[PDB]
Ligand SMILES: *[C@@H]1O[C@H](CO)[C@@H](O[C@@H]2O[C@H](CO)[C@@H](O)[C@H](O)[C@H]2NC(C)=O)[C@H](O)[C@H]1NC(C)=O
Ligand SMILES: *[C@@H]1O[C@H](CO)[C@@H](O[C@@H]2O[C@H](CO)[C@@H](O)[C@H](O)[C@H]2NC(C)=O)[C@H](O)[C@H]1NC(C)=O
Ligand SMILES: *[C@@H]1O[C@H](CO)[C@@H](O[C@@H]2O[C@H](CO)[C@@H](O)[C@H](O)[C@H]2NC(C)=O)[C@H](O)[C@H]1NC(C)=O
Ligand SMILES: *[C@@H]1O[C@H](CO)[C@@H](O[C@@H]2O[C@H](CO)[C@@H](O)[C@H](O)[C@H]2NC(C)=O)[C@H](O)[C@H]1NC(C)=O
Ligand SMILES: *[C@@H]1O[C@H](CO)[C@@H](O[C@@H]2O[C@H](CO)[C@@H](O)[C@H](O)[C@H]2NC(C)=O)[C@H](O)[C@H]1NC(C)=O
Ligand SMILES: *[C@@H]1O[C@H](CO)[C@@H](O[C@@H]2O[C@H](CO)[C@@H](O)[C@H](O)[C@H]2NC(C)=O)[C@H](O)[C@H]1NC(C)=O
Ligand SMILES: *[C@@H]1O[C@H](CO)[C@@H](O[C@@H]2O[C@H](CO)[C@@H](O)[C@H](O)[C@H]2NC(C)=O)[C@H](O)[C@H]1NC(C)=O
Ligand SMILES: *[C@@H]1O[C@H](CO)[C@@H](O)[C@H](O)[C@H]1NC(C)=O
Ligand SMILES: *[C@@H]1O[C@H](CO)[C@@H](O)[C@H](O)[C@H]1NC(C)=O
Ligand SMILES: *[C@@H]1O[C@H](CO)[C@@H](O)[C@H](O)[C@H]1NC(C)=O
Ligand SMILES: *[C@@H]1O[C@H](CO)[C@@H](O)[C@H](O)[C@H]1NC(C)=O
Ligand SMILES: *[C@@H]1O[C@H](CO)[C@@H](O)[C@H](O)[C@H]1NC(C)=O
Ligand SMILES: *[C@@H]1O[C@H](CO)[C@@H](O)[C@H](O)[C@H]1NC(C)=O
Ligand SMILES: *[C@@H]1O[C@H](CO)[C@@H](O)[C@H](O)[C@H]1NC(C)=O
């Protein structure tokens, strides 16, 4: 869209309001662990072919070594992403966060799999000649327990759990320090605490509708 | 024995990858599935040889009633017992199962401990402030360059031969 | 004849897997950087934790992936204002400390840049640096001393 | 072990290339000199070309594997140039880029085919219980801290920084007035000492 903002040497524009926006960013982490054996893929059950395969030397010694190095780093790729914290933090049962609602991102204990409602539809939208599939090092429940530990360490502590011991702080107070990091004073949060919490709750609930709106988001 | 719905003129059965999955026996009107005979790699789980010489054999991707025995999702373990308590992982196996050498000593198998359980006290009028600190020095190692190696086809493939 | 064709299929498949392993690990190294900077802290970098001023973000576990819910600060409603770089006084030039001088047509005020909250231009939120013949575009306005009415009592 | 893998993967791939010279590749002899000395030159050309295809595929595998590991090393080398520009040549605001904790400085150390960073970090040690309030009401005014936090030890309220405990008397110098005290939820009642 063509925009021509009015420029002058003594004119400025200052926002009198704001809007809390929640955006969704998706990044892949790991592949599928797959190992192929030359003994069964090229010629299975034939003893006259395995004698002929020894004439080529060690083509398949380094071929299975390369696929083993891929599969050992797929499990490694989860480690530096989801296991950044060493301890597991639990959200207290009293959900008093100054009007802020985290029910879409907190895990649901009623389900057999302790996952958040946002994580519930994320998994629902995603679906032998020497071929095998190795299981991953961490299960899907263990990654979700890693996510719940980092989620409880952000609402309760903030950034203090990543730079040392976890220091408790109310969510209605640590949100002002996020406002101070972008040049906004503390009084803007406290004068509009009901409006910001209503804007945060509406933007979180719109993520679940936008994810299920189209299958091209994933 | 299968419960497929083969047509009366149909005898063969193939999947997407064009592999024979179910064929009729020609005399009796019966359907028989064909799954491949079970195979997998053999993995040996051991501690250091200076510690002990005991080993645990992991038969990957097989129900090993056909071949202590503890069945996992990565196969099954031979010679490694299963314990109810959870420890830190040192030797990975897969699917949240890790083997170790602890307790007169034998290889045990357990579920991974993701970390120490911490429940920090949260309140709407409570804060935590450090009254002290600790200067910590950590070591980070990053590779920079490889080894410069040049290979010539004139000498590697066939040296001293003018007919090649 | 079958061995050469089948080994070339494996040599193509392993090479294509090593190409896609570097693409996934580059995203996995990015995803470890995102959780260290967007989740475990507040990032000063622009457009690294969503569009807008970053406040916080929340991770979400996904099958073979990670989903980030970047909470951002986006300004909504702005309007017309008249600004000056500084305000001259009795032989002095006054510059704002952490604010900006704005005018609504008649009166001049000082406020922050990310939100409209005008205040009276006093000596507490302004500092004196030189006279008012060097700065181009300086205007004339008074600066309210918050200690002068206490002296006259 | 990060620097041990670069030496090990380069040396083991080189020894594999030497081991490919002893392969028959479907020919009579792996060694070249016995093929000419035992077969006639008009029909020796079939036996030569079996060794050429096998040996050229060993080089085509080795060069392709070297180009894969070149991109892995250069990605770490581009990271190591970023680390020295941000952790050594300055103070980084990014979390967990120059060690675990609040980054102060770092020192480089030269290594064989690598670089070692000694990240000096700031880690808090000893915290205890405190009672906090978002603001403090006054005679028609609400007081917010400038760069501190309001804390209480049970009886008296104090203002201090967040990364270290150093309480001070809540005065008008370190607090600013923004509105009255009927909008902010959780505001408490305390006096503010005027230093004038
Ligand atoms: C700033 O914007 C918010 C919404 O983005 C405004 O809040 C709305 O105010 C109207 C006023 O009648 C209400 O009807 C709406 O219900 C409010 N929305 C919500 C979500 O509560 C707010 O008034 C704006 N403030 C200013 C000063 O313009
Ligand atoms: C947080 O939001 C959820 C919805 O996103 C709220 O759950 C609703 O609760 C009301 C009554 O409390 C029910 O009538 C709705 O059917 C619920 N909706 C869903 C989708 O469960 C939840 O109550 C909110 N949390 C708080 C503390 O109010
Ligand atoms: C903060 O921690 C440091 C150590 O991390 C404390 O210093 C020690 O104090 C004891 C007190 O008897 C001495 O015996 C030690 O020798 C000191 N250690 C060192 C390395 O000098 C310091 O006292 C702590 N400060 C507070 C206020 O708790
Ligand atoms: C610019 O803002 C100032 C500050 O609010 C305005 O001055 C006041 O305007 C109201 C009208 O709503 C009067 O009742 C007050 O008496 C004014 N204050 C003083 C000290 O005179 C001013 O009118 C605004 N100018 C414009 C053009 O909107
Ligand atoms: C701001 O006020 C000062 C004085 O109050 C103005 O300075 C005067 O400028 C005129 C014409 O330039 C001279 O004739 C006077 O002698 C000056 N007075 C003094 C005391 O220096 C200044 O011009 C004003 N600025 C603006 C932009 O109006
Ligand atoms: C909270 O801190 C204040 C400030 O130090 C304490 O007030 C002083 O306490 C000492 C006791 O060691 C007395 O000797 C002083 O007279 C007190 N000062 C004043 C102005 O009364 C207060 O006791 C502390 N409260 C608690 C519960 O520890
Ligand atoms: C802080 O003090 C003010 C006055 O010193 C309190 O305001 C009084 O509140 C009571 C009951 O709410 C009313 O009956 C009075 O008329 C109020 N007085 C004034 C001057 O407004 C206020 O409640 C106190 N806050 C707390 C948390 O104790
Ligand atoms: C096959 O033929 C014999 C006759 O010799 C008959 O008895 C038998 O039932 C037949 N089998 C089937 C499956 O029809
Ligand atoms: C392995 O075989 C036993 C039969 O004794 C069966 O109960 C079990 O479910 C099988 N395991 C799997 C993973 O199919
Ligand atoms: C582990 O606990 C189960 C009951 O949950 C029990 O049957 C089993 O014997 C226990 N195993 C050991 C080694 O104690
Ligand atoms: C706002 O008004 C000023 C003058 O009052 C004018 O110079 C400027 O161009 C206007 N801006 C817009 C976006 O209308
Ligand atoms: C600002 O621009 C106007 C014309 O648009 C001009 O008359 C005036 O002198 C300029 N002021 C400064 C300080 O450059
Ligand atoms: C510290 O004490 C306060 C009350 O004095 C209490 O609410 C809080 O839970 C305590 N925190 C810890 C970690 O004991
Ligand atoms: C803080 O929580 C307590 C209960 O834990 C409640 O009684 C009190 O009203 C709350 N205060 C605010 C300001 O939310």
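We're sticking with Swiss-Prot numbering for chain D, so the shown stretch reads 946-1141, in order.
Backbone N, Cα and C define each Cβ position, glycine as well.
Per Swiss-Prot, these features apply:
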- D:1032-D:1043: disulfide bond (DISULFID)
- D:1082-D:1126: disulfide bond (DISULFID)
- D:1074: N-linked glycosylation site (CARBOHYD)
- D:1098: N-linked glycosylation site (CARBOHYD)
- D:1134: N-linked glycosylation site (CARBOHYD)
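The structure, with features from Swiss-Prot marked on it.
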{"residue": "D:1032", "record": "disulfide bond", "contacts (Cβ under 8 Å, 6+ apart)": "D:1042, D:1043, D:1044, D:1048, D:1050, D:1051, D:1062, D:1064"}
{"residue": "D:1074", "record": "N-linked glycosylation site", "contacts (Cβ under 8 Å, 6+ apart)": "none"}
{"residue": "D:1082", "record": "disulfide bond", "contacts (Cβ under 8 Å, 6+ apart)": "D:1088, D:1125, D:1126, D:1132, D:1133, D:1134, D:1135"}
{"residue": "D:1098", "record": "N-linked glycosylation site", "contacts (Cβ under 8 Å, 6+ apart)": "D:1075, D:1076"}
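In three-state terms derived from DSSP, residue D:1032 (disulfide bond) belongs to a helical segment. The Cβ neighbour count for residue D:1043 (disulfide bond), using a 10 Å radius over every protein chain in view, is 25. Look at residue D:1043 (disulfide bond): DSSP puts it in coil. Among the recorded positions listed (D:1043, D:1074, D:1082, D:1126), D:1074 have a CB atom closer than 6 Å to some atom of ligand 13, in sequence order.
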